[PDB]
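Convention: sequence-line order gives letters A, B, ...; per-chain numbering from 1.
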2 protein chains.
Amino acid sequence: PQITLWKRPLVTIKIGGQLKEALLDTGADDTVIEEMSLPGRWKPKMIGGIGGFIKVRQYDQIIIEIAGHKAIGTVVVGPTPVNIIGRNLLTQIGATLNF
Amino acid sequence: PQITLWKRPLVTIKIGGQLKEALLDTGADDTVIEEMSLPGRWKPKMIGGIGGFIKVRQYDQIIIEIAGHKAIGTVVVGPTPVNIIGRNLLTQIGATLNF
Ligand SMILES: COc1ccc(S(=O)(=O)N(CC(C)C)C[C@@H](O)[C@H](Cc2ccccc2)NC(=O)O[C@H]2CO[C@H]3O[C@@H]4OCC[C@@H]4[C@H]32)cc1
Ligand SMILES: [Cl-]
Ligand SMILES: [Cl-]
Ligand SMILES: [Cl-]
Ligand SMILES: [Cl-]
Ligand SMILES: [Cl-]
Ligand code: NA
Ligand code: NA
């Protein structure tokens, strides 16, 4: 698809069998998801946004569908104001920025 | 141009006669620039993201050249850790997400 940016580029994702809404975010290195349960072990990570840092739980090789495209990669979980799909999984679904 | 997302989508911008590097950021509603002076009136605003909120000064009708494309709109200025081109100006240069 071709997505214009007059509105937020929100898409449906599926993770852990659950449907969620997420922002396709070229300004995010990482994929950041609201508090939820994921399988396996996690390791710690500090991510920094506009208003400082938050601690998150990093899970690798998580299976997630994004706007209908399968990805498998790292997802970090923590107190984000919105689910964010960052460049690590945008590259997996073949997304580009064009103008 | 077509920008792949293996790396941060950083471009050169010109604003207020200065050159800066900025992130093309589809996850950003607004265009947020680090502390600088801009001409005209301004009003205070709070904007928030990962970590919390920052106070910024909102300037209207500001022209920015974004990787060679001129665009005009609101720019907010404050203690952001990175210069960000948000959707309010990405739309003006015709930027889209494609996959
Ligand atoms: C109202 O208008 C706004 C409101 C909010 C924002 S924002 O900067 O807070 N953000 C909104 C979003 C979190 C809902 C835009 C994002 O693109 C920021 C943009 C951003 C980038 C860097 C630093 C600060 C902000 N990215 C970001 O926080 O990425 C996080 C997660 O991944 C890491 O990669 C990034 O690079 C490493 C750190 C960040 C980490 C911008 C304009
Ligand atoms: Cl919107
Ligand atoms: Cl979708
Ligand atoms: Cl990954
Ligand atoms: Cl605007
Ligand atoms: Cl358009
Ligand atoms: Na795992
Ligand atoms: Na103005």
Side-chain angles (χ1 to χ4, degrees), chain A residues 1-15 19-34 47 49-50 64-75 80-99, chain B residues 1-15 19-34 47-50 58-76 80-99:
Chain A
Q2 176 156 281
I3 304 177
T4 52
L5 298 166
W6 309 97
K7 303 248 288 197
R8 297 180 175 158
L10 290 169
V11 295
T12 297
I13 62 172
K14 192 165 158 200
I15 173 160
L19 293 186
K20 290 170 181 289
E21 165 178 79
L23 193 59
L24 294 180
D25 186 352
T26 55
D29 301 342
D30 301 333
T31 293
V32 191
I33 302 289
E34 58 212 354
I47 63 171
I50 198 135
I64 167 182
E65 295 188 29
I66 296 153
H69 292 74
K70 205 184 260 187
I72 309 174
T74 296
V75 164
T80 177
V82 67
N83 303 136
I84 292 163
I85 306 312
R87 291 188 295 100
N88 76 301
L89 304 178
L90 295 167
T91 53
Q92 291 199 17
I93 69 184
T96 56
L97 205 41
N98 295 263
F99 62 93
Chain B
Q2 161 168 286
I3 302 162
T4 58
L5 298 169
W6 304 111
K7 297 158 208 277
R8 288 167 177 167
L10 302 176
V11 301
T12 293
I13 68 169
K14 183 175 181 197
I15 170 170
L19 288 187
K20 297 191 176 267
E21 155 185 288
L23 188 65
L24 300 172
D25 188 354
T26 58
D29 294 341
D30 297 336
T31 291
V32 191
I33 307 295
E34 71 200 341
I47 57 152
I50 266 156
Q58 181 194 313
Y59 295 85
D60 296 321
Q61 294 194 284
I62 294 297
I63 307 152
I64 305 194
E65 187 177 338
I66 304 163
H69 293 65
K70 236 165 252 275
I72 186 171
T74 295
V75 168
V76 305
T80 172
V82 56
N83 303 132
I84 287 167
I85 304 304
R87 293 182 297 102
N88 74 310
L89 298 182
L90 298 167
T91 54
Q92 298 302 104
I93 67 173
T96 63
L97 275 168
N98 296 256
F99 55 97

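- Expressed to the nearest 0.5 Å, how far CD of B/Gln2 lies from OG1 of B/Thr96 amounts to 9.5 Å.
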Working for side chain to side chain contact (heavy atoms under 4.5 Å, CB included), residues B/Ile3 and A/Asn98 | CA-CA 6 Å; B/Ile3 302 162; A/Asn98 295 263; over 6 Å; no
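- Residue A/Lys14 qualifies as open at atom NZ: its count of foreign heavy atoms under 6.0 Å is 12 or below.
- In this structure, B/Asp30 contributes its side chain and B/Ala28 its backbone to no donor-acceptor pair below 3.5 Å.
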Output, in order, the C-alpha distance, side-chain angles, deciding distance and verdict of side chain to side chain contact (heavy atoms under 4.5 Å, CB included) for B/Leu24 and B/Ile66.
-> CA-CA 9 Å; B/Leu24 300 172; B/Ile66 304 163; 4.0 Å; yes
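- For A/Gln92 (side chain) and A/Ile72 (main-chain N/O), a donor-acceptor pair under 3.5 Å exists by modelled atom type.
- A/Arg87 approaches B/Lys7 most closely through the heavy-atom pair NH1-C, 3.3 Å.
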Please assess A/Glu21 against A/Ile13 for the test side chain to side chain contact (heavy atoms under 4.5 Å, CB included), listing each intermediate value before the final yes or no.
-> CA-CA 6 Å; A/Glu21 165 178 79; A/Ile13 62 172; over 6 Å; no
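- Taking all atoms of both residues into account, the shortest heavy-atom contact from A/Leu89 to A/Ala71 is CD2-CB, 4.1 Å.
- No side-chain heavy atom of A/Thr4 sits under 4.5 Å from any side-chain heavy atom of B/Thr91.
- For the pair A/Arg8/B/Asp29, a side-chain contact is recorded, criterion being any heavy-atom separation below 4.5 Å from C-beta on.
- Residues B/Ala22 and B/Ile84 approach most closely at CB-N, 4.4 Å, considering heavy atoms.
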Would you check, one step at a time, whether the test side chain to side chain contact (heavy atoms under 4.5 Å, CB included) holds for A/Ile50 with B/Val32?
-> CA-CA 10 Å; A/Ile50 198 135; B/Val32 191; 4.2 Å; yes
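- When the shell of 6.0 Å around CD of B/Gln61 is examined, it contains 12 or fewer heavy atoms from other residues, nucleotides or ligands.
- Nearest heavy-atom pair across A/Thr74 and A/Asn88 is O-ND2, 3.0 Å.
- Rounding to the nearest 0.5 Å places OG1 of B/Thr26 at 6.5 Å from CG of A/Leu23.
- Without hydrogens or angle criteria, A/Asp25 side chain to A/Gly27 main chain gives a donor-acceptor distance under 3.5 Å.
- Looking at every heavy atom in both residues, B/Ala95 comes nearest to A/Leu5 through O-CD1, 3.5 Å.
- The distance from the CD atom of B/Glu65 to the NZ atom of B/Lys70 is 5.0 Å, given to the nearest 0.5 Å.
- Within the 3.5 Å criterion, the main-chain N or O of B/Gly86 finds a donor-acceptor partner in the side chain of B/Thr31.
- Closest heavy-atom contact between B/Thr80 and B/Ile33: CG2-C, 3.7 Å.
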